[PDB]
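We use all heavy atoms of the structure for the numbers below, so side chains are in, but hydrogens, waters and symmetry mates are not. Start at 1 with the first residue, then count along the sequence.
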Amino acid sequence: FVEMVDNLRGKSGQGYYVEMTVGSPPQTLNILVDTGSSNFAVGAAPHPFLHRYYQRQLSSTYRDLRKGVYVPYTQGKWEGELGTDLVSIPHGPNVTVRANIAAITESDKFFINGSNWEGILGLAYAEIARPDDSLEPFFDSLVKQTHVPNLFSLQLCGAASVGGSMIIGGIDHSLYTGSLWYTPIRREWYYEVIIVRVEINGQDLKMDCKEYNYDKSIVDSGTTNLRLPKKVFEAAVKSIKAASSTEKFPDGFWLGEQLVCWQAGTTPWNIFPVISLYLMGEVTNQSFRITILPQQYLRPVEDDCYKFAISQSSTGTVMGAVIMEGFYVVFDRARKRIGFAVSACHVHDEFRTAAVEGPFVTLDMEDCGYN
Ligand SMILES: NC1=N[C@@]2(CO1)c1cc(-c3cccnc3F)ccc1Oc1c2cc(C2=CCCOC2)nc1F
């Protein structure tokens, strides 16, 4: 899969995108890779933020579905017109498929001023596609129409420009060290998983594990932060505050309301704790744990300054880029599981590294899921 390595680009905080083509002749667009949604939707009008946009009038293979779609989401919205066309991924498998495409014709707070992408590729399942689950997602079409295996993997490398790899239809073993460890996909909608335990510097938060997954926990390339349910965020910040109490910081820093700075090259990584999430394993009463460093959860904002990139949530746990940049993540749709391995590109120091370890004995893991 050498050709797919390094096929993702981005800017810090603006997501990861992959190059795609749509239509005949092919129109090249950069498309945000989002495992937290399920629509393929592209700019189709000259919004001033856009470098380029889909011009359906130039495509001989465009077909109008004569149906609108309206997509508000928590931080923005887009609306558009549904159709189909031929779609390929230049630095992906050597195939062309006919996919659903929403031509975006109105939006608010969707496109980012200064970003280099023009659309979104929702890689999650049909259950959360708009307008409904009859609108086949891209990846479903790709697998249905070709011999591409039903999985993809993401190595998000971070930095400012960011880079990474989306391996479509397989796994590139050069992108990780150690073994992959798999957690089940609980339900095929979001990439929903179950967190069974949480430790800060090896110290158990000791919460009822249902709280960790209230009302769900997902793996989401389209979210920057690690987001935690309110009650869990409360407890985690308390523990992270206690662990790092060598230095003191304003209450606003922990709420993401202000930054913290140090003299360039002297950031005291050592005073900040590691964070471990234990995930439901593949076997009864078996779990494994993934562990990230402050290098993952303290995000640079360009003295070296940083934002606290763990935040509270009313929509459950979201394992965003803060988690994913530690790991090579395998979305093994064929076996309804997600694999984690230590990423060969993750940022660490001479003392600590991100880790994926197991097996551990964990009882009552089925009670951790919210119903
Ligand atoms: N996972 C996730 N994707 C976002 C929000 O959270 C989304 C994120 C971004 C974004 C912004 C900054 C950095 N990274 C990003 F992915 C941009 C557009 C966008 O646009 C959409 C998103 C989510 C959705 C959803 C639609 C219906 C199903 O649930 C989500 N729709 C969007 F249009």
Side-chain angles (χ1 to χ4, degrees), residues 10-15 74-75 109 112 114 156-162 195 198-207 211-212 214 217-218 220-277 290-327 346-355:
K11 289 176 153 171
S12 291
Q14 300 181 350
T74 61
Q75 303 244 52
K109 296 165 161 58
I112 296 172
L156 307 182
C157 294
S161 296
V162 295
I195 296 160
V198 174
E199 289 169 1
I200 306 298
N201 257 3
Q203 317 309 313
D204 192 344
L205 281 186
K206 285 170 188 159
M207 300 187 65
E211 300 287 356
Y212 303 139
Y214 175 52
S217 294
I218 68 173
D220 187 7
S221 64
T223 293
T224 296
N225 284 359
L226 168 62
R227 307 183 64 239
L228 297 167
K230 187 168 189 58
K231 240 165 209 170
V232 177
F233 175 79
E234 238 166 59
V237 164
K238 187 182 181 193
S239 180
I240 297 162
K241 274 184 187 165
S244 63
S245 69
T246 295
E247 306 199 19
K248 288 282 142 54
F249 311 108
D251 284 1
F253 167 73
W254 300 109
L255 296 173
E257 294 172 350
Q258 55 168 117
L259 312 176
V260 157
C261 312
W262 294 283
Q263 306 300 339
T266 73
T267 295
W269 299 116
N270 54 89
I271 74 163
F272 286 95
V274 302
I275 300 179
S276 287
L277 307 180
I290 67 174
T291 301
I292 60 166
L293 310 178
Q295 281 87 339
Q296 277 81 52
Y297 69 78
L298 296 182
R299 289 178 63 79
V301 181
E302 306 178 359
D303 267 21
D304 281 349
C305 300
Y306 300 92
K307 188 198 162 163
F308 187 61
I310 304 174
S311 57
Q312 62 185 341
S313 167
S314 48
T315 62
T317 292
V318 187
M319 298 170 61
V322 161
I323 292 291
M324 297 182 68
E325 293 179 353
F327 312 103
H346 84 280
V347 179
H348 60 97
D349 56 41
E350 63 186 303
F351 302 108
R352 302 185 292 195
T353 60

Problem set entry | Distance-only side-chain donor-acceptor flag, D304 / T267, under 3.5 Å | no
Exercise. How many angstroms lie between atom CZ of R352 and atom CG of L293, to the nearest 0.5 angstrom?
Worked result: 6.0 Å
Exercise. About how many Å separate CG of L259 and SG of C305, when rounded to the nearest 0.5 Å?
Worked result: 6.0 Å
Exercise. Going from CZ on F253 to NZ on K241, what distance comes out if it is rounded to the nearest 0.5 angstrom?
Worked result: 11.0 Å
Problem set entry | Residue pair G326 / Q296: nearest heavy atoms and the distance that separates them | N-CG, 4.2 Å
Seminar exercise, completed: d(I200 CD1, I240 CD1) to nearest 0.5 Å is 4.5 Å
For this session: Using the six-membered ring wherever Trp is involved, compare the ring planes of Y306 and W262 and label them parallel, tilted or perpendicular (cut-offs 30° and 60°).
Result: tilted
Exercise. Between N225 and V318, is any pair of side-chain heavy atoms under 4.5 Å apart?
Worked result: no
Problem set entry | Aromatic ring pairing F308/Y297, orientation class (parallel under 30°, perpendicular over 60°, tilted between) | perpendicular
Got a list of side-chain donor-acceptor pairs under 3.5 Å for residues 226-239, not counting sequence neighbours?
from	atom 1	to	atom 2	distance (Å)
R227	NH1	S313	OG	3.4
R227	NH1	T315	OG1	3.3
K230	NZ	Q312	OE1	2.8

For this session: Measure the spacing between CE of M319 and CZ of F327 and express it to the nearest 0.5 Å.
Result: 7.5 Å
Exercise. How many angstroms lie between OH in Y212 and CG in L205, if you round to the nearest 0.5 Å?
Worked result: 4.5 Å
